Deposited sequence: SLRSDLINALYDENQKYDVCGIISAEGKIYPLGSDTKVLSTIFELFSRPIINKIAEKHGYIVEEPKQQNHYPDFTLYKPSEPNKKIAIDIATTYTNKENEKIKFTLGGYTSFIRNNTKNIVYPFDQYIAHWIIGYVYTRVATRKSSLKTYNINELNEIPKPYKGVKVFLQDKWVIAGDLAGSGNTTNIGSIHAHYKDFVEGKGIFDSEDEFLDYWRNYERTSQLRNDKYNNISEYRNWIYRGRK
């Protein structure tokens, strides 16, 4: 399938290549910093060619947002199925120690999931799947990373990360019940070990429950204290008649 082929390709590319710097047309290389903004960008760039190759092998068109602030990073679709689009977002996080529990931010809960068209490339209802390509790595302190390098010194450039793992999973499957950010109102994933993401050991029973939960999640602890603040309280609120 497109999906199994994609994760096999991402998994393989991750095992075979180690990004180590940004290169200029003239051949000069500038090392990577260890901060999350840097690594997030690099893994998104790393993923692009792979997503395109696999999509193309399957007859899917790949479209990226024309505008900044628009979800998703990649919209895939066969010309013949414009209402079965696939959204692919890229999410990254780090670990201080290998194999510790992790959590991702999974996008806003107050735009297109509530407003079918706010900040989304195509109206929400034209997508049948929303996949997260998750990357997790153990951070490594940055020294030798403060100078430039030449192509003949590639293997020598220090990398600010060490044990990158990648997964491809449905957004609803790994979504948790606690926000992943405050002022930027993000859906938070489960807080769990990497294996749980791969396995899909989430908290929602269905994609409809996930959607309903995030569609009605209040923005502040104050308000959630009176409605629901976790999945158990949500199920109680549902039981009661959404009140």
### Query
Hey, which stretches of the deposited sequence didn't make it into the model?
143
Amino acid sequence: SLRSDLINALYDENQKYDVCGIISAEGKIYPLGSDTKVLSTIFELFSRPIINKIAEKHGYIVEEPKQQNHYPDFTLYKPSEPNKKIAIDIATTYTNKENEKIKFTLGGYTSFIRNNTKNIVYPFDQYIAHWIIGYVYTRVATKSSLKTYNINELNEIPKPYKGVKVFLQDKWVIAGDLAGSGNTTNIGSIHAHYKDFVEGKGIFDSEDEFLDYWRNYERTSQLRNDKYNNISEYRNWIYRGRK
From here on, numbers count along this sequence of modelled residues.
### Task
Could you check the entry and say whether 131-139 or 89-97 has the higher mean CA B-factor?
89-97
### Message
On mean Cα temperature factor in this entry, is 215-223 or 17-25 the higher one?
### Response
215-223
### Query
Per the coordinate record, which of the options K103, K171, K165, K147 holds the highest CA temperature factor?
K147
## Note on the structure
In this crystal structure's PDB entry, the residue among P31, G176, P49, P65 with the greatest CA B factor is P65
### Query
By its CA B factor, does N183 count among the lowest, middle or highest third of the modelled residues in the chain?
middle
### Query
When the modelled residues of the chain are sorted by Cα temperature factor, does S206 land in the lowest, middle or highest third?
lowest
### Query
Looking at the C-alpha B-factor of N69, is it in the lowest, middle or highest third of its chain?
highest
## Note on the structure
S189: CA temperature factor from the record, placed by chain third, in the lowest
